[PDB]
RNA sequence: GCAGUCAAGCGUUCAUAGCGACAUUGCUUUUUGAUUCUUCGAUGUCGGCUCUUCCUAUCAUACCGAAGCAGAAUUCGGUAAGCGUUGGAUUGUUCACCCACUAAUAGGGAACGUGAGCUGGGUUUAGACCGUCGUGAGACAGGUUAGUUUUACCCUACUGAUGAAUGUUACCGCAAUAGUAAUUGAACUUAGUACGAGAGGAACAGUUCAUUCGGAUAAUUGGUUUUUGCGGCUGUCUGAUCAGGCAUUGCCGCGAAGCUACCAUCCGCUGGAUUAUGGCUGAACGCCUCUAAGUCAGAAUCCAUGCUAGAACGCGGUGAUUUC
RNA sequence: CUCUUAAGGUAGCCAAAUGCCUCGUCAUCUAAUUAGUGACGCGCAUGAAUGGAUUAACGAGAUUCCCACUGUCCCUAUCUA
RNA sequence: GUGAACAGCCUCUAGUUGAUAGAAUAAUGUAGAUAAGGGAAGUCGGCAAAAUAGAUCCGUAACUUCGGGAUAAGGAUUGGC
Ligand SMILES: NC[C@@H]1O[C@H](O[C@H]2[C@@H](O)[C@H](O[C@@H]3[C@@H](O)[C@H](N)C[C@H](N)[C@H]3O[C@H]3O[C@H](CO)[C@@H](O)[C@H](O)[C@H]3N)O[C@@H]2CO)[C@H](N)[C@@H](O)[C@@H]1O
Ligand SMILES: NC[C@@H]1O[C@H](O[C@H]2[C@@H](O)[C@H](O[C@@H]3[C@@H](O)[C@H](N)C[C@H](N)[C@H]3O[C@H]3O[C@H](CO)[C@@H](O)[C@H](O)[C@H]3N)O[C@@H]2CO)[C@H](N)[C@@H](O)[C@@H]1O
Ligand SMILES: NC[C@@H]1O[C@H](O[C@H]2[C@@H](O)[C@H](O[C@@H]3[C@@H](O)[C@H](N)C[C@H](N)[C@H]3O[C@H]3O[C@H](CO)[C@@H](O)[C@H](O)[C@H]3N)O[C@@H]2CO)[C@H](N)[C@@H](O)[C@@H]1O
Ligand SMILES: NC[C@@H]1O[C@H](O[C@H]2[C@@H](O)[C@H](O[C@@H]3[C@@H](O)[C@H](N)C[C@H](N)[C@H]3O[C@H]3O[C@H](CO)[C@@H](O)[C@H](O)[C@H]3N)O[C@@H]2CO)[C@H](N)[C@@H](O)[C@@H]1O
Ligand SMILES: NC[C@@H]1O[C@H](O[C@H]2[C@@H](O)[C@H](O[C@@H]3[C@@H](O)[C@H](N)C[C@H](N)[C@H]3O[C@H]3O[C@H](CO)[C@@H](O)[C@H](O)[C@H]3N)O[C@@H]2CO)[C@H](N)[C@@H](O)[C@@H]1O
Ligand SMILES: [Mg+2]
Ligand SMILES: [Mg+2]
Ligand SMILES: [Mg+2]
Ligand SMILES: [Mg+2]
Ligand SMILES: [Mg+2]
Ligand SMILES: [Mg+2]
Ligand SMILES: [Mg+2]
Ligand SMILES: [Mg+2]
Ligand SMILES: [Mg+2]
Ligand SMILES: [Mg+2]
Ligand SMILES: [Mg+2]
Ligand SMILES: [Mg+2]
Ligand SMILES: [Mg+2]
Ligand SMILES: [Mg+2]
Ligand SMILES: [Mg+2]
Ligand SMILES: [Mg+2]
Ligand SMILES: [Mg+2]
Ligand SMILES: [Mg+2]
Ligand SMILES: [Mg+2]
Ligand SMILES: [Mg+2]
Ligand SMILES: [Mg+2]
Ligand SMILES: [Mg+2]
Ligand SMILES: [Mg+2]
Ligand SMILES: [Mg+2]
Ligand SMILES: [Mg+2]
Ligand SMILES: [Mg+2]
Ligand SMILES: [Mg+2]
Ligand SMILES: [Mg+2]
Ligand SMILES: [Mg+2]
Ligand SMILES: [Mg+2]
Ligand SMILES: [Mg+2]
Ligand SMILES: [Mg+2]
Ligand SMILES: [Mg+2]
Ligand SMILES: [Mg+2]
Ligand SMILES: [Mg+2]
Ligand SMILES: [Mg+2]
Ligand SMILES: [Mg+2]
Ligand SMILES: [Mg+2]
Ligand SMILES: [Mg+2]
Ligand SMILES: [Mg+2]
Ligand SMILES: [Mg+2]
Ligand SMILES: [Mg+2]
Ligand SMILES: [Mg+2]
Ligand SMILES: [Mg+2]
Ligand SMILES: [Mg+2]
Ligand SMILES: [Mg+2]
Ligand SMILES: [Mg+2]
Ligand SMILES: [Mg+2]
Ligand SMILES: [Mg+2]
Ligand SMILES: [Mg+2]
Ligand SMILES: [Mg+2]
Ligand SMILES: [Mg+2]
Ligand SMILES: [Mg+2]
Ligand SMILES: [Mg+2]
Ligand SMILES: [Mg+2]
Ligand SMILES: [Mg+2]
Ligand SMILES: [Mg+2]
Ligand SMILES: [Mg+2]
Ligand SMILES: [Mg+2]
Ligand SMILES: [Mg+2]
Ligand SMILES: [Mg+2]
Ligand SMILES: [Mg+2]
Ligand SMILES: [Mg+2]
Ligand SMILES: [Mg+2]
Ligand SMILES: [Mg+2]
Ligand SMILES: [Mg+2]
Ligand SMILES: [Mg+2]
Ligand SMILES: [Mg+2]
Ligand SMILES: [Mg+2]
Ligand SMILES: [Mg+2]
Ligand SMILES: [Mg+2]
Ligand SMILES: [Mg+2]
Ligand SMILES: [Mg+2]
Ligand SMILES: [Mg+2]
Ligand SMILES: [Mg+2]
Ligand SMILES: [Mg+2]
Ligand SMILES: [Mg+2]
Ligand SMILES: [Mg+2]
Ligand SMILES: [Mg+2]
Ligand SMILES: [Mg+2]
Ligand SMILES: [Mg+2]
Ligand SMILES: [Mg+2]
Ligand SMILES: [Mg+2]
Ligand SMILES: [Mg+2]
Ligand SMILES: [Mg+2]
Ligand SMILES: [Mg+2]
Ligand SMILES: [Mg+2]
Ligand SMILES: [Mg+2]
Ligand SMILES: [Mg+2]
Ligand SMILES: [Mg+2]
Ligand SMILES: [Mg+2]
Ligand SMILES: [Mg+2]
Ligand SMILES: [Mg+2]
Ligand SMILES: [Mg+2]
Ligand SMILES: [Mg+2]
Ligand SMILES: [Mg+2]
Ligand SMILES: [Mg+2]
Ligand SMILES: [Mg+2]
Ligand SMILES: [Mg+2]
Ligand SMILES: [Mg+2]
Ligand SMILES: [Mg+2]
Ligand SMILES: [Mg+2]
Ligand SMILES: [Mg+2]
Ligand SMILES: [Mg+2]
Ligand SMILES: [Mg+2]
Ligand SMILES: [Mg+2]
Ligand SMILES: [Mg+2]
Ligand SMILES: [Mg+2]
Ligand SMILES: [Mg+2]
Ligand SMILES: [Mg+2]
Ligand SMILES: [Mg+2]
Ligand SMILES: [Mg+2]
Ligand SMILES: [Mg+2]
Ligand SMILES: [Mg+2]
Ligand SMILES: [Mg+2]
Ligand SMILES: [Mg+2]
Ligand SMILES: [Mg+2]
Ligand SMILES: [Mg+2]
Ligand SMILES: [Mg+2]
Ligand SMILES: [Mg+2]
Ligand SMILES: [Mg+2]
Ligand SMILES: [Mg+2]
Ligand SMILES: [Mg+2]
Ligand SMILES: [Mg+2]
Ligand SMILES: [Mg+2]
Ligand SMILES: [Mg+2]
Ligand SMILES: [Mg+2]
Ligand SMILES: [Mg+2]
Ligand SMILES: [Mg+2]
Ligand SMILES: [Mg+2]
Ligand SMILES: [Mg+2]
Ligand SMILES: [Mg+2]
Ligand SMILES: [Mg+2]
Ligand SMILES: [Mg+2]
Ligand SMILES: [Mg+2]
Ligand SMILES: [Mg+2]
Ligand SMILES: [Mg+2]
Ligand SMILES: [Mg+2]
Ligand SMILES: [Mg+2]
Ligand SMILES: [Mg+2]
Ligand SMILES: [Mg+2]
Ligand SMILES: [Mg+2]
Ligand SMILES: [Mg+2]
Ligand SMILES: [Mg+2]
Ligand SMILES: [Mg+2]
Ligand SMILES: [Mg+2]
Ligand SMILES: [Mg+2]
Ligand SMILES: [Mg+2]
Ligand SMILES: [Mg+2]
Ligand SMILES: [Mg+2]
C-alpha cells in the first residue's frame, strides 16, 4: 500500500544469483581490444595473492590539499613468478559465437601442468600428453598443419600458459592453466610468437609497467551460508520480536502469490567471481633483486617480504605486482591480472608514482621493526645470542 | 560542512550525531552546544545526521547566558572525541567534543577560541582559523 | 617520512600504525599500539613499566 | 479527487504569457455513499516497524519548448517513473501541526501489501473509576486504568545445495537465455564577467571534494577474546613450598589470530541508437513550410559494451582411455 | 420581578480518572510538545459521608521531567554453551 | 572456612556421579557475554539492558499528622605487611 517512507533497496541485483562460483579460478570474460599495430604480448597474467602492506609517497594532484604532500596507502602484493607457454588456441567467428578451432600443445609439458590433468596423480600412470608428443617426433606435419590451420582461419589467438607453483610458497603442486589472448599484430605473427615461446617462459614486466591501470579477476572469499542481515545488508529487526530479529519482516506482498526473485533471502555468501577494475601498479617487483622493498629515498637493503613472512602465505621470492588498494579474493588464491579494457586518461589514472617507503614490519601482530638489523639496534643484546 | 566554506573538506569519521551535546569553546558565553542538525548531511532512512570536525551544525545552548539560550543558531565543530584518519595516515582525536557559535557566513559570535582546533576545521573556516590558538 | 616515538613506551612509530591523542591543554601524545595507549589511559607510570 | 471545451471577464494596454465567470463534455476509484453478489461448520479487525515491487496525475535530478524570460529568481509546458524523495517535538493514530536539514523532502497501488513476519499503544470480552442516562438491572461511540497475540516437519514459491542419465575420464573454452547500477551535491575557477541605471548577478570548459548506493577487502585504526596465550586479584581446597583444583569461562589488565566497521581501506566501464526538441533539403500549393519522400542534431532513455549466472535434455577444442 | 416541580449549586474544586466544543486560552518546559505543570472557568455534564476540599507517610497503581546510565537507536560487529 | 548471617562461594562426613550416545560448529534461534564515538535521536512508553550497591567517617532540603521524610541529596575512605 505504498511503503511509508522511501529508501533504496538492499544489494545489487546485477550480482545475482549469489552462489558459489563454478571454479576457483575466476574467468576472464573480456580481453582488451586488439590493436594489431603493436608487438605481440599477453593481455593478462596469473599470480597468487600474498597479502598487503602500507606505502608512503608524495601525491601529485595539483589543486588538492595534499598536493606535494606525503600520504600512506594500502597495497596488496601479488606473487607473480613467470608463466610458461604450453600451447596456442585458434578461435573462429561464427553466427552462433566465437568457436575454438584447434589447440596445439608444446612437445614437453612441465610436470606441474600434467599434475593439473589428474585427480589422483601419485597412483596414475601419468600417460599425460605421451601420445601427443609423437606429433613432433614425426619431424613436423601434424603440429605444423594445425599451426597453419590456425593462421588460415582463426580470428583470435590465445596462448595456454600455466603458473610455476613450485616457485611459489604454497603447498599445492597442481599448477594453474589458463588461456590468455595475444593482442599484438597479425594472427600469423601471433601464432609465430606462440610456438617460438613453446616451453619458454614469460614474465610480468613484459605485460605490465609502473603506474599502469590494471584489473583483478578473482573468486571472492567464501563465507558459506549467511543470514539475510549480513548477506543482503538488511536492517535488523527489533529486540522485542518473536522468532528472531535477523530476518526480513515481510518477504512479500499478498499478490503476487509467490515470493519474488528480488527479495532478500538467507543463503551462500562469498565465493563469488568478481571482476574488479582500475587498480594502479605501484610496483613491478623484481624476483632476483634484493632491493625489492627499497626506495631511492629509503636505501636500506631489504626485500618486499615482511618480518615473519607474509602471514598464511610465505615469502616473495619471485617478481611481484604491488597494486594500490585491495583486490578480490584471499591469500593463496590464483588471481588474474588483466590490463585495462579502455583507454583511461582521468588524472588519477595518468599520475606517475614513485614510492618513498615500503612497510616491511610484521603482519603477525603489531611490528615495531623493519629489518632484523633495525631490531638488534633498538633491542640491544638479549640473553639469547650469548 | 556548511556554507561559506573556504575550499573542500575531505571525509572524516562522524562522531557527533543529532542530540549530541558538545562543549562551547568560545567566549560567547555559551557552554553547551546541543546539536540538532548537520548542514552538509545527506539522507538515508533512520540515519542520524552526524557531524565531524569542521562541519557546521545547527545547535541550541543548554547551558549559558540566558540571552543566548532557547534559540537555534549555527555552530562549527572545532574538536571531536571520536578518532578520524588524515590522508597522511595518522589516526588522531581530541579529549572532548567542542564547537563555536557562528553565523551562516561563518563569522564567529566569539572573539576567541579556547583550546586546540583541528587543521581541517581551521582550513575550512578562516574566521575560525583567525580566532584560534594552537591548531592540531 | 618521519618515524615518531611512543610517548609512553619509547617505541618507534612508523607512518600509519598507532594513534595520536591531543590533550585538552594541546600537549600531543603518540602511541605505537593499543597497549601503550591503554597503559597511558590507565594512568600507569612508564618509569615503572618494565619493557618501556 | 483530477482534467477538458466555449471565452464574459482578469492581467495598465491587451480573451487565451499566466488566468477564467456562466454553462457544458469528461476521466478516476488512495474519498464517501448507494448496493448486498462472495464469505457467518470463522478470509485474524487500527497504526507502526520491516521489505519488495508496481502506478504516474513529476517534488527533485537529465534534455528541452513558453513567458508580461534583461540578469538573478520564478512560472507554464514536453520527453521522462531512470534515480531519489530524509532527521525530530506532541498524538495509538491514518490524518494533523510544528522544528530542522535537504537536489527534493511528489502522490498512489499491491486483499485500504505485509499479525503461523513483529509489536499490541488503540479498538472490541470478563476487573475498576468518573461524567451523563435509567426507579432498577444496566446503558454510552463519552473520559479513564489493567488486561494470554498459538501451529509449519507438507505442497508450492523464493533463496541457496546435490545429482542419475545420455561410451568413460579429464583440461581448456563458447554463450542462448536471464539479471545489471550507480545517484545527487558543493567549493574553486570562469567572474564580480555576461545582463542591468542600479541593486544585483549567471553559465559552458577546467580543478578539487562530497552525497546516497553498490561490490570487495583487513596493510593500517577500532571492535571482539576459550589463544582460557602472559600477567594480576578474591575466597576455599591440596600440611608448607613449588605447582595447581573448584566459583556453570570466578574476576581484572594486556592480548595475537580470525571475524568485522562510512568506526577501517580500495574499486565502481565504453559505444551505438533514439525521445521531446531544434534544424537541412523539400514538395503538396510556381510562394511558403523540420515533413509528405529524404535527412542533421539530440536525454538521468533504449540496445549493446562491461559486469553476474551458464541451458543440469545448448555447444566447441583438447588430453588419456583398463588385465588376474 | 417571573417561572414549572420542593428547593434553585452554598463552602470548595476544575479541560480534573468528570469538558462536548477541544489539540479550550494564557504562562511555563522544548529547536519544535494533541504530552506535562501553573493558571483562568456561564463548569456540554465539578460540587459536599451519592461525601466536598486538603493531606504527611506508604505504593510491582496511572503520568511528566531532570541527572546518571546504557546496543533502545545511529548500526551494526564479535565471543561461549 | 570467608561473612553481619541457615547469604553466595569452597570444603569433612554421608550420598551421588543419574538423566540416549557419536561426529562436526552453516543460517535462524534459546541462554550467556563485550563493544569505538554519540547517549533515548529508538519506542505507545527507557520495554529490555546498563549504572548504583558492603562497611567507616563526613554532610544531608522542602514538606510534616513532629513520629517522619532519611541510606534523602552530596563526598572521602577500603589491600598487604
Ligand atoms: N541552495 C542550493 C540550491 O540553490 C539554488 O539557488 C541558489 C543559488 O542561486 C545561490 O547560490 C550561489 C550560487 O549560485 C553561486 N554559483 C555561488 C554562490 N556562492 C552561491 O550563493 C552564495 O551567496 C552568498 C553571496 O554570494 C555567499 O556568501 C554564500 O556562501 C553562498 N550561499 O543561492 C541560492 C539559494 O541556495 C536553488 N535555490 C535550489 O536549487 C537550492 O536551494
Ligand atoms: N546552486 C548553484 C547553481 O545554481 C543553479 O541554479 C538553478 C536554480 O537557481 C534554479 O533551479 C530551480 C530550483 O531553484 C528549484 N528548487 C527546482 C527547479 N526545478 C529548478 O529549476 C531549474 O532547474 C530545473 C532542473 O534542472 C529545470 O528543469 C528548470 O527549467 C530550471 N528553471 O534555476 C537554476 C537552473 O536552471 C542550480 N541550483 C545548481 O545546480 C547550480 O550549481
Ligand atoms: N562527480 C561530479 C558530480 O557528480 C556527477 O558527475 C558525473 C558526471 O559529470 C559524469 O557522469 C555521467 C553523467 O553526466 C551522465 N549524464 C550519465 C552517465 N551515466 C554518467 O557517467 C557514469 O556512468 C557511465 C555509464 O552510464 C560510465 O560510463 C561513466 O564512467 C560514469 N562516470 O561523470 C561524473 C561521475 O560519474 C553528477 N552529474 C553531478 O552531481 C556532479 O557533476
Ligand atoms: N566521454 C567519453 C569519456 O568518458 C566519460 O564520459 C562518460 C559519461 O560521462 C558520458 O555521458 C554521456 C553524456 O555526456 C551524453 N550527453 C549522453 C550519453 N548517453 C551519456 O552516456 C551515458 O548515457 C547513459 C547513462 O545512463 C547510458 O545509456 C549510456 O550508455 C552512457 N554512455 O558517457 C561516457 C561513457 O560512454 C568522460 N566524459 C570522459 O572520461 C571521456 O569523455
Ligand atoms: N559497583 C562497581 C562494582 O564493580 C564492578 O562494576 C564496575 C565494572 O564492572 C563496570 O564497568 C562498566 C561496564 O560493565 C559497562 N557495560 C560499560 C561501562 N563503561 C563500564 O564502566 C566504566 O566505563 C568507563 C571505563 O571503562 C568509564 O567511563 C565509566 O565511568 C566506568 N563506570 O563499571 C563498574 C564500576 O562503575 C562490578 N559490576 C560489581 O562488582 C560492582 O558493580
Ligand atoms: Mg512513495
Ligand atoms: Mg504501507
Ligand atoms: Mg527502488
Ligand atoms: Mg562472455
Ligand atoms: Mg564478453
Ligand atoms: Mg617443443
Ligand atoms: Mg611449493
Ligand atoms: Mg622454497
Ligand atoms: Mg607453506
Ligand atoms: Mg610492457
Ligand atoms: Mg568459516
Ligand atoms: Mg554471522
Ligand atoms: Mg548496512
Ligand atoms: Mg512475544
Ligand atoms: Mg531485516
Ligand atoms: Mg587508445
Ligand atoms: Mg595482522
Ligand atoms: Mg623468548
Ligand atoms: Mg568555556
Ligand atoms: Mg565571559
Ligand atoms: Mg567564563
Ligand atoms: Mg547533501
Ligand atoms: Mg536530512
Ligand atoms: Mg525510525
Ligand atoms: Mg588570537
Ligand atoms: Mg594561530
Ligand atoms: Mg587490537
Ligand atoms: Mg485523481
Ligand atoms: Mg480588461
Ligand atoms: Mg497580449
Ligand atoms: Mg466526503
Ligand atoms: Mg450477500
Ligand atoms: Mg458485503
Ligand atoms: Mg469458508
Ligand atoms: Mg463470516
Ligand atoms: Mg482460519
Ligand atoms: Mg491467510
Ligand atoms: Mg486467532
Ligand atoms: Mg478494519
Ligand atoms: Mg507524462
Ligand atoms: Mg517537467
Ligand atoms: Mg514539495
Ligand atoms: Mg507584454
Ligand atoms: Mg522570484
Ligand atoms: Mg526557490
Ligand atoms: Mg500545475
Ligand atoms: Mg523504478
Ligand atoms: Mg517527517
Ligand atoms: Mg519517532
Ligand atoms: Mg512520535
Ligand atoms: Mg500548513
Ligand atoms: Mg507532501
Ligand atoms: Mg504536498
Ligand atoms: Mg482481506
Ligand atoms: Mg481500495
Ligand atoms: Mg490490510
Ligand atoms: Mg500472511
Ligand atoms: Mg500472530
Ligand atoms: Mg496488523
Ligand atoms: Mg489488542
Ligand atoms: Mg490485534
Ligand atoms: Mg478486537
Ligand atoms: Mg473491560
Ligand atoms: Mg441517577
Ligand atoms: Mg485500555
Ligand atoms: Mg491506555
Ligand atoms: Mg497488569
Ligand atoms: Mg490494551
Ligand atoms: Mg495463549
Ligand atoms: Mg516457524
Ligand atoms: Mg507438518
Ligand atoms: Mg571436475
Ligand atoms: Mg573452463
Ligand atoms: Mg569572483
Ligand atoms: Mg560581495
Ligand atoms: Mg561592468
Ligand atoms: Mg532594467
Ligand atoms: Mg554594464
Ligand atoms: Mg560545470
Ligand atoms: Mg565541468
Ligand atoms: Mg562489506
Ligand atoms: Mg576473557
Ligand atoms: Mg603438590
Ligand atoms: Mg586458588
Ligand atoms: Mg572440589
Ligand atoms: Mg554467578
Ligand atoms: Mg554450585
Ligand atoms: Mg580458572
Ligand atoms: Mg582489549
Ligand atoms: Mg584484531
Ligand atoms: Mg563512481
Ligand atoms: Mg568513491
Ligand atoms: Mg562495469
Ligand atoms: Mg568498455
Ligand atoms: Mg551518438
Ligand atoms: Mg525550408
Ligand atoms: Mg524532425
Ligand atoms: Mg519522413
Ligand atoms: Mg504535410
Ligand atoms: Mg539521425
Ligand atoms: Mg545510466
Ligand atoms: Mg562453461
Ligand atoms: Mg553445461
Ligand atoms: Mg531456458
Ligand atoms: Mg534433445
Ligand atoms: Mg565434434
Ligand atoms: Mg456557581
Ligand atoms: Mg448541575
Ligand atoms: Mg445554599
Ligand atoms: Mg455555607
Ligand atoms: Mg472545568
Ligand atoms: Mg489535558
Ligand atoms: Mg485537585
Ligand atoms: Mg483527563
Ligand atoms: Mg513528552
Ligand atoms: Mg499541554
Ligand atoms: Mg492543568
Ligand atoms: Mg467554567
Ligand atoms: Mg462559577
Ligand atoms: Mg457548550
Ligand atoms: Mg452531580
Ligand atoms: Mg443520596
Ligand atoms: Mg447525597
Ligand atoms: Mg456524584
Ligand atoms: Mg478525598
Ligand atoms: Mg513513595
Ligand atoms: Mg514506584
Ligand atoms: Mg512513582
Ligand atoms: Mg508508578
Ligand atoms: Mg552491551
Ligand atoms: Mg566472622
Ligand atoms: Mg554459608
Ligand atoms: Mg532428557
Ligand atoms: Mg552431540
Ligand atoms: Mg547464534
Ligand atoms: Mg539473547
Ligand atoms: Mg572487557
Ligand atoms: Mg557505545
Ligand atoms: Mg565509551
Ligand atoms: Mg551523558
Ligand atoms: Mg525516549
Ligand atoms: Mg521520542
Ligand atoms: Mg509518543
Ligand atoms: Mg526495567
Ligand atoms: Mg550486558
Ligand atoms: Mg551520621
Ligand atoms: Mg516546624
Ligand atoms: Mg548516599
Ligand atoms: Mg525525598
Ligand atoms: Mg594501609
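Each position is counted from 1, following the chain as shown.
Structure determined by X-ray crystallography, 3.3 Å.
Placement of Cβ uses the backbone N, Cα and C atoms for every residue, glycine included.
According to Swiss-Prot, the feature N-acetylserine maps to B:1, an assignment based on experimental evidence. A C-beta separation below 8 Å, combined with a sequence spacing of at least six in one chain, links residue B:1 (N-acetylserine) to B:9, B:39, B:40, B:54, B:55, B:56, B:124.
Following the DSSP three-state reduction, the secondary structure of residue B:105 (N6,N6-dimethyllysine) is coil. If you look up Swiss-Prot, you'll see B:105 (among others) marked as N6,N6-dimethyllysine.
Of all Cβ atoms in the shown protein chains, 18 besides its own fall within 10 Å of the Cβ of residue B:109 (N6,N6-dimethyllysine). The annotation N6,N6-dimethyllysine is assigned in Swiss-Prot to B:109 (among others).
Contacts of residue B:105 (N6,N6-dimethyllysine) defined by a Cβ separation under 8 A and a same-chain sequence distance of 6+ are given as B:4, B:127, in order along the sequence. When secondary structure is read from DSSP and collapsed to three states, residue B:1 (N-acetylserine) falls in the coil class. Checking the modified residues B:1, B:105, B:109 against ligand 132 with a 6 Å cutoff on the Cβ atom leaves no residue at all.
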